[PDB]
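A short write-up of the structure that comes next.
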Amino acid sequence: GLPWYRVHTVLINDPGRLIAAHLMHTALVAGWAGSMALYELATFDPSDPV
Amino acid sequence: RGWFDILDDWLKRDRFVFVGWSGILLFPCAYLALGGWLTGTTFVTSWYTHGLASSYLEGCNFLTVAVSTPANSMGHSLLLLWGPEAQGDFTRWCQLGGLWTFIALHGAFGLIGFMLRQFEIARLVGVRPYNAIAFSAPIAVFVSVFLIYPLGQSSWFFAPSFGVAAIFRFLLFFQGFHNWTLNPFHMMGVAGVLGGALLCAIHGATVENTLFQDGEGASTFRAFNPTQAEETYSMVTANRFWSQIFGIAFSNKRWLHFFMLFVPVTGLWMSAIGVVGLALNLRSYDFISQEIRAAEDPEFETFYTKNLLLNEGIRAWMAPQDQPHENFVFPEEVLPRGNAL
Amino acid sequence: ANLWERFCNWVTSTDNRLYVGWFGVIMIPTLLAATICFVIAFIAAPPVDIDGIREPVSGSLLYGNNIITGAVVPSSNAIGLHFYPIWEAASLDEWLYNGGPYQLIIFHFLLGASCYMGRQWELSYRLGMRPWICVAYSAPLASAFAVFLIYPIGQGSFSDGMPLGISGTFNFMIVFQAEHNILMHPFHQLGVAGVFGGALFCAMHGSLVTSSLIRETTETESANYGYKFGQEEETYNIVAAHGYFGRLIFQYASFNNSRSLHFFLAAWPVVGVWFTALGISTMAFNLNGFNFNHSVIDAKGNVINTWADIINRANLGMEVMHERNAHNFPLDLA
Amino acid sequence: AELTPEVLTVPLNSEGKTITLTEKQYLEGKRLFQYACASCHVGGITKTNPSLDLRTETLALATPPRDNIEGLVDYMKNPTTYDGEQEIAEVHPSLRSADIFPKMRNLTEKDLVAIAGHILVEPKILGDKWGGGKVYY
Amino acid sequence: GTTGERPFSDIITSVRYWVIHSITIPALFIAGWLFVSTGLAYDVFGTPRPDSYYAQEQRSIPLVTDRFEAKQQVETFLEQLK
Amino acid sequence: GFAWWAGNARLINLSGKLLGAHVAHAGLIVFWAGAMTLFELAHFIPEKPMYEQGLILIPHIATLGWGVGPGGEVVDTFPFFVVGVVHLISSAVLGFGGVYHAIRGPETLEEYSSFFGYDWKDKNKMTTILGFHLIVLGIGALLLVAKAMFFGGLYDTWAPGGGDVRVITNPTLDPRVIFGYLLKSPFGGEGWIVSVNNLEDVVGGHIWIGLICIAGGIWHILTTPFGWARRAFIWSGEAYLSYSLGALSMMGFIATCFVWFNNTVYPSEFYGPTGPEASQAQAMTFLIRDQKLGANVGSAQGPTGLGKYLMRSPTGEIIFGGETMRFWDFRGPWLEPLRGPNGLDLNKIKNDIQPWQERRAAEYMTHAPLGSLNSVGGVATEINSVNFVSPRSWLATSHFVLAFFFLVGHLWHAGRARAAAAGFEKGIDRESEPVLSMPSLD
Ligand code: CLA
Ligand code: CLA
Ligand code: CLA
Ligand code: CLA
Ligand SMILES: CC1=C(/C=C/C(C)=C/C=C/C(C)=C/C=C/C=C(C)/C=C/C=C(C)/C=C/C2=C(C)CCCC2(C)C)C(C)(C)CCC1
Ligand SMILES: CC1=C(/C=C/C(C)=C/C=C/C(C)=C/C=C/C=C(C)/C=C/C=C(C)/C=C/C2=C(C)CCCC2(C)C)C(C)(C)CCC1
Ligand SMILES: CC1=C(/C=C/C(C)=C/C=C/C(C)=C/C=C/C=C(C)/C=C/C=C(C)/C=C/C2=C(C)CCCC2(C)C)C(C)(C)CCC1
Ligand SMILES: CC1=C(/C=C/C(C)=C/C=C/C(C)=C/C=C/C=C(C)/C=C/C=C(C)/C=C/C2=C(C)CCCC2(C)C)C(C)(C)CCC1
Ligand SMILES: CCCCCCCCCCCCCCCCCC(=O)O
Ligand SMILES: [Cl-]
Ligand SMILES: [Cl-]
Ligand SMILES: [Fe+2]
């Protein structure tokens, strides 16, 4: 079968599932940003900007 | 069949030294980088940037000549000949360090040209482009060490100077200041370089000692024809041998040769990453747990603490001369020193 | 059917999963002894007074070391080159304090590695091979002899042999540079050329062969499956490889004889490493690297520094700091 | 910079009289210093007794003052301790002891002046380096 | 195994080759020689002669300390010798 | 069937041309001995110690009694000139015979004479040539004895009064002494045969080896190899070469250590101080200097709690302190007058150090065998000034390199001899590949 390092080539000729993989990546990144913002809000001390 | 295709024809003719479109970039820049280095190491000083002699003309030999970096006060100036520092004065250009940027930048563009040449010839001859791919490791090392590294620091001054002993000095700087030997990215590079040298010696030796007898002479070299279809050595006997000496052995010539590409190329890419970190002084300098214990416990000693004392010797003893622009004056009483020495 | 002849037949049997052989009769025990003592010492040995000044150095994981900083510490300067087996100590406690395990390990390991090289000859003979793989391995082995035995012989003490540790290796390198200016020694320079070039030629050969694999597989499968173990046909096209590389440089700079090429692959790193091992082995007798300190002066007699003088400054800072409590007199003569 | 007569001009005696060395003299004294003295006195220190160097300031405080051609010439003939209280020909090369220090056998009176001259000139050129030790290398 | 150029071992065993290069090779060697022997190389490249690293009573390095006046700094250093 | 770069291997079965090669090559060895000595003599200056002057042949001659007097002072250089001249002349005689046999003489000897002709596989003839050469060598070793005992003696660094030439009238014959050296451990404070420290043992050992070499030469002319020996070895010219490469390698390594540690048959007066010697001498120098100033050197505690000047060795012996604690096994004529039964005697140290011992310690300290490859003397951070590299560093490093490569040559030719003897030095027979007939490992 495919070597492990080629598993994502099954999408080269499959625009719909390429679009689906691109959406999932966009979802992961935006979700990262939401989570990182929240972690920072929970740990940020705003009482002295100096 | 207009002029572009006529020129293409000519660039790509099969001559003693193939030219190609990539030759237009490669040959001037390679020649100039080389030319600049030989010119500077023969005739040009480092008196005004470093306070150093650095050419044959001044008394230096092959080990101590160098095209030294520009002065820290140049910042990251491109130091163009026609630029505002030298103002077209070739002599001043030389004395200010202009040849260092000249060599570094033409060298960079030569390496691009060389790698393009590996792409161009490979396309014309019908091979796959893995040699070009393998050359990315040399490029990553050059760019990370000669360009990225000083760009994170204050100036080109702290780049390596092009010379045998000057590079030796670079190695020693990175120990005293960056503790580079403690860096896991350097360690992976070391494993890749040594791993590759080992692969090289062990694969050549194996092939030469599992040769088929294909001729009658004691010189086994003659008994090879470049066009023969048969393997010239026994992969089966080689595999038995190593399986029984070492436990495991290669069985696939294709994996074997791909592994030989992979190991030194990966090793060099890894070290390049570490040097990027060192551009920022993002060092693997210390182990925090060790320093906490050592500070609290004066009988705790490791090879780790011992090397940092060495590093501290290097810094205090080399910095005044190696960083003259800083006007460091360390009186005798401040130099760290063991007993007697 | 004679009892000794059966044993002899099992020792040299080509049918054992790992070959034993006569060299292996010595190699198996001595490597096991070295390995077992090393594993136990790296984990649990107490601090060792490496420089004989009652300043014990902690090397093991249990006494506050990690993987990078741990070491089996060289035996005490007070012992010098004296033989210090277990049975020469009043107690194991004493043997541990003075660095006994280091001696046990390095002597068993050097023996077993020497028998490793012989075992390579030996199995080559039983399989009908040519003999010289062991000659390639003599380059690494000579290098281990240099830092574990020869350099300690010339300086007078196993306390200056290379520690069996990662940071200890680095300590050894730094102090070697201050005491011998090894960077300026041409045999170390040749070793760098053997090791850089060997890596270079490793990459070159691996990429040139890989560049010229004959199409045997589809895009959806590893090209490795295009080679089958023990096939008689070569799996790549060396004439295509020669045609590429010869055009990349020029024709006569490329090998078209596989036997010469692989011999070159073998020769270059082996010989560079011989020299670098010889470099360590001759600096053991203090024939040090080139000294250009104050070699350039001006018409008045001012010193004009060169990069060699800058190196010297670094070297001085390693010299004055190393073993900072161990010198009472002004010259570090060994 | 260059090796001008001013740098080559050194005190002849403690009275204040001076003498100007030729460059030939200086170079010959440097060679003779390397041949007979540098094995202990490289760079103006003293390997076997670092507490005493060949800096002009130290020689000026020696008894017999040795910061001059005559003082130095005499020292090479009949060396004393720093306070002048005891003669040390038996452990220090000198003409008085050329039997046990055979490199001194072939040294003429003009060689000694050249050696003496070199010692006095060199701190004028190298400054702190001369007699300063590894700190100034 | 050839692309049409004259073989090297043909060229340098030929009499015409050596007739030309017994002149061109020494002449270049001599030119390079004279480039140094006349002291031109020092002036072209700005390299200090052995007598012009320092002023007489000077042991400071004439170190460039400014980016845009660097050219004037060096010239100021060179005058401090003449 | 050899290439030009393996061209001498074409001489294996050409006994007459092979003789020319060996004899011409012996001439090169004699030439260099001759020429190097004349060069050393033309450059020699007697006011300077030999070891300040790059000499390695003249010190070997001096050690045999010629040309020196009390303390190693060179008295007469004519013996030096003679040794070089005679060697030099003798090399033309060897050159002549050498090129004659290699170019003009009979290509092979076995037709011309059954005596000088040989086949490598003739185990009887090979042992007869061995036995002849053993006898020569036994004679060689006796010539040293004869010099020591009947023709002037040898230089004795240990002779009372600074060293001197001394005839040896009671060579050690006791096999427990002679062979006891062969059984000491090579480790510290023992040093195997390198620890030999008096000329009586040196001369007696050569009596023994001389006789043993003659006995064995005679033995091997009269016998043939027994059957176990027949079955243990390869019988071919390249195998015999490989055996000798092994032995020369071992011998080179021994010589390296000899010149590095031994100051008896490598007198330090001539070769410079050993590494241990020089290190000990520095501790002596500063002990002397400091005690002259009033330091009580026995009670001075150093920074580590160990004595600054004097401490104990692991078996109790009073020894020099500082890093030279590693070097306490050193023995030398300038130091032994201070040794009592417990090691360095503190009362002798306070009362009996002599000016000549102070001189000698300063001299050896400042001539330690440390130096750069371009011959800058001293530690690697030293400035230029002193042009010096000890003969012992030159002689140790050079012979470690030759020993090393001769071990590699032993492996090369031993492995190849084995493979050629069995018929696969040229590669694997495609039609009869051994592995293809073995069962698979798994
Ligand atoms: C936009 C960027 C991008 C995209 C879309 C691709 C896409 C592709 N690459 Mg390329 N590649 C990229 C960047 C990119 N690459 C970079 C930067 C490099 C250099 C490192 C490479 C080097 C490279 C090689 C060497 C190869 C490919 C191959 C492929 C194909 C198959 C990959 C696969 O199945 O992986 C499968 C991978 C895994 C199952 C696990 C890998 C896990 C990695 C090592 C670590 C985890 C990272 C982490 C999860 C998230 C990323 C963090 C950060 C990047 C944001 C696919 C078309 C393959 C190919 O050509 O096939 C024909 C192939 O051999 N790529
Ligand atoms: C000590 C070094 C040494 C010695 C003694 C020999 C000796 C020999 N070689 Mg080997 N060889 C050597 C090094 C040496 N070689 C090296 C380094 C190489 C590699 C470059 C070779 C490569 C080589 C090959 C390829 C072959 C030999 C062959 C031979 C033999 C025949 C030579 C012949 O016919 O040439 C004839 C040469 C000449 C007529 C030219 C003149 C030679 C003379 C002797 C010059 C000497 C001048 C000298 C100053 C004389 C002084 C005169 C007076 C004192 C009497 C001969 C016994 C040949 C052989 O084995 O035959 C089967 C052969 O095929 N050799
Ligand atoms: C070990 C070296 C060696 C060996 C084995 C041989 C062997 C041989 N030679 Mg060669 N030869 C040698 C060295 C050697 N030679 C040298 C050095 C020279 C130059 C002087 C010659 C010149 C030479 C010529 C010109 C001829 C031979 C011939 C012969 C053959 C017959 C010899 C004979 O009948 O003499 C029997 C014995 C004698 C005649 C008496 C010799 C006794 C000697 C002189 C005394 C012993 C010397 C001593 C052991 C060491 C020297 C002293 C030194 C330490 C100062 C024989 C194959 C002949 C040949 O090939 O036939 C065509 C021939 O014509 N040889
Ligand atoms: C260059 C010198 C030399 C050489 C090459 C030979 C070669 C040979 N001898 Mg001769 N031999 C010599 C000198 C030499 N001999 C001398 C001088 C004598 C007189 C004592 C003898 C006495 C002699 C006898 C009595 C016999 C031989 C035999 C043989 C053959 C077998 C050798 C063998 O098996 O060794 C291999 C050695 C062994 C298997 C055991 C050696 C054990 C040693 C002592 C232990 C060494 C350990 C250690 C690694 C080394 C350190 C030194 C140690 C002593 C501390 C072989 C042809 C045999 C033969 O066939 O004769 C017809 C035989 O029986 N030889
Ligand atoms: C469905 C839905 C929803 C929900 C959603 C969610 C809940 C989301 C989440 C998401 C998320 C929450 C995500 C996140 C993500 C994350 C990630 C993706 C991460 C990343 C990672 C990585 C990549 C890393 C890496 C690394 C490491 C680990 C180390 C260091 C280095 C690095 C950085 C490389 C809602 C309601 C809205 C709407 C409706 C629908
Ligand atoms: C920079 C510049 C430029 C350019 C320049 C150039 C282009 C140059 C070139 C130059 C050159 C192009 C040079 C060359 C030189 C060379 C040489 C200098 C060589 C040498 C060599 C040798 C020395 C060798 C020898 C040897 C040895 C020693 C050992 C071994 C063997 C052999 C043979 C290798 C221009 C104009 C644009 C302008 C701007 C600036
Ligand atoms: C075979 C052969 C070979 C080799 C050869 C040989 C090795 C030879 C040898 C030879 C020889 C080895 C020679 C010798 C010679 C010598 C001589 C000829 C000598 C003479 C002497 C003289 C004349 C002296 C004089 C003098 C005197 C008496 C005194 C002092 C001074 C003088 C020094 C002047 C070859 C490889 C090439 C080639 C092939 C073949
Ligand atoms: C002179 C002298 C001396 C003496 C010496 C001597 C007495 C000697 C001895 C020596 C000897 C007496 C030696 C011996 C040796 C031996 C050997 C070296 C062996 C060898 C062996 C081997 C090699 C074997 C092998 C084998 C095996 C094991 C198995 C089977 C097979 C074969 C055969 C391979 C002395 C020190 C007192 C002092 C100084 C001088
Ligand atoms: C892509 C190709 C770029 C190559 C550029 C070639 C550079 C041309 C070199 C000539 C530079 C001469 C400038 C010196 C005089 C300028 C005077 C001034 O500063 O105004
Ligand atoms: Cl340290
Ligand atoms: Cl000390
Ligand atoms: Fe290959």
Side-chain angles (χ1 to χ4, degrees), chain B residues 41 54 56 59-66 160-172 193-194 197 201, chain C residues 139-140 142-143 145-147 150-151 154 172-200 267-293 295-296 306-312 314-315, chain F residues 54 256 369-382 384 387-390 393-405 408:
Chain B
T41 59
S54 61
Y56 302 133
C60 294
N61 63 67
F62 168 64
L63 299 172
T64 59
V65 288
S161 296
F162 296 99
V164 167
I167 284 290
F168 294 154
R169 168 262 178 212
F170 195 72
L171 308 170
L172 296 182
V193 166
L194 295 171
Chain C
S143 296
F145 269 92
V147 305
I150 303 310
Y151 185 71
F172 180 82
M173 297 178 85
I174 296 159
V175 180
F176 208 96
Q177 166 59 21
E179 297 181 342
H180 300 289
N181 200 4
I182 180 172
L183 286 173
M184 299 291 277
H185 192 296
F187 280 16
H188 180 268
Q189 305 180 3
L190 291 175
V192 169
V195 136
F196 282 170
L200 198 180
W268 178 281
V270 164
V271 169
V273 173
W274 278 340
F275 281 118
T276 206
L278 286 176
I280 301 301
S281 287
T282 53
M283 280 175 280
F285 308 111
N286 305 316
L287 182 64
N288 298 336
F290 281 117
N291 184 336
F292 296 121
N293 298 335
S295 286
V296 182
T306 68
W307 285 112
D309 297 285
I310 299 296
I311 294 176
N312 199 42
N315 288 350
Chain F
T256 294
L370 290 70
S372 77
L373 179 55
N374 62 325
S375 286
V376 190
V379 298
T381 60
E382 189 56 89
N384 276 269
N387 186 186
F388 172 77
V389 163
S390 174
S393 298
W394 289 120
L395 284 160
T397 58
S398 69
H399 283 76
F400 187 88
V401 170
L402 296 158
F404 169 74
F405 279 118
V408 173

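Keep in mind that the numbers below use all heavy atoms, side chains included, and drop hydrogens, waters and symmetry copies. Proteins come first, then strands; the chains are lettered A, B, ... in the order of their sequence lines, and each starts at number 1.
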May I ask you to decide if the ring planes of C:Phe187 and C:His185 are parallel, tilted or perpendicular, using 30° and 60° as cut-offs?
perpendicular
Using modelled atom types only, decide if a donor and an acceptor are shared between the side chain of F:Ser393 and the backbone of F:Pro369 within a distance under 3.5 Å.
yes
F:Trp394 atom CH2: more than 12 heavy-atom contacts under 6.0 Å:
yes
Counting N and O atoms only, with roles assigned by atom type, does the side chain of C:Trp307 sit under 3.5 Å from a partner on the main chain of B:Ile167, one being a donor and the other an acceptor?
no
Contact list for residues 279-291 of chain C, test side-chain hydrogen bond (donor to acceptor under 3.5 Å, both in side chains), sequence neighbours left out:
C:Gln155-C:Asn286, C:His180-C:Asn288, C:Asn291-C:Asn293
Closest approach of C:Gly194 and C:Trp268, non-hydrogen atoms and distance?
CA-NE1, 3.4 Å
Give, for atom OG1 of F:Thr397 and atom CG of F:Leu402, the distance between the pair rounded to the nearest 0.5 Å.
9.5 Å
Backbone N or O of C:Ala308 within a donor-acceptor pair of the C:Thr306 side chain at under 3.5 Å?
yes
Parallel, tilted or perpendicular: ring planes of C:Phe285 versus F:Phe400, cut at 30 and 60 degrees
tilted
Please report the C-alpha distance between C:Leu183 and C:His188 in whole Å, then the side-chain angles of each, then the deciding distance to 0.1 Å, and finally whether the side-chain contact (heavy atoms from CB on, under 4.5 Å) criterion is met.
CA-CA 6 Å; C:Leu183 286 173; C:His188 180 268; 3.9 Å; yes
What distance separates B:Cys60 SG from C:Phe292 CZ, expressed to the nearest 0.5 Å?
10.0 Å
Are C:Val195 and B:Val193 close enough, and set up right, to give a side-chain contact (heavy atoms from CB on, under 4.5 Å), and what steps lead you there?
CA-CA 7 Å; C:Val195 136; B:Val193 166; 3.5 Å; yes
With rounding to the nearest 0.5 Å, note down the distance linking OG1 in B:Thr41 to CZ in B:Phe62.
9.0 Å
So, for C:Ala178 and F:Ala380, which heavy atoms are closest and what is the spacing to 0.1 Å?
O-CB, 3.8 Å
With a 6.0 Å cut-off (strictly less than), is the heavy-atom count around CZ of C:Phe196, excluding the residue itself, greater than 12?
no
Using the side-chain contact (heavy atoms from CB on, under 4.5 Å) rule, take B:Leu172 and C:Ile310 through it: C-alpha gap first, then chi angles, then the decisive distance, then the call.
CA-CA 10 Å; B:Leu172 296 182; C:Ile310 299 296; over 6 Å; no
dist C:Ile182:CD1 -> C:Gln189:CD (nearest 0.5 Å) comes out at 10.0 Å
Please report the interatomic distance CZ(B:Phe170) to CD1(C:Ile311), rounded to the nearest 0.5 Å.
13.5 Å
Is there a side-chain contact between C:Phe290 and C:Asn181 in this structure, where contact means two heavy atoms from C-beta onward sitting under 4.5 Å apart?
no
Excluding sequence neighbours, so at least two apart, what forms ring-ring contact (aromatic ring centres under 6.0 Å, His included) with B:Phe162?
B:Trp100, B:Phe146
Do C:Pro186 and F:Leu373 have side chains that approach each other closer than 4.5 Å (heavy atoms only, starting at C-beta)?
yes
Working for side-chain contact (heavy atoms from CB on, under 4.5 Å), residues C:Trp274 and F:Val408
CA-CA 10 Å; C:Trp274 278 340; F:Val408 173; 3.7 Å; yes
Taking atom OG1 of C:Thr276 and atom CG of C:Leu190, what is their separation to the nearest 0.5 Å?
8.5 Å
Pairs where residues 369-379 of chain F contributes a residue and the test side-chain hydrogen bond (donor to acceptor under 3.5 Å, both in side chains) is met, not counting sequence neighbours
F:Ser372-F:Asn374
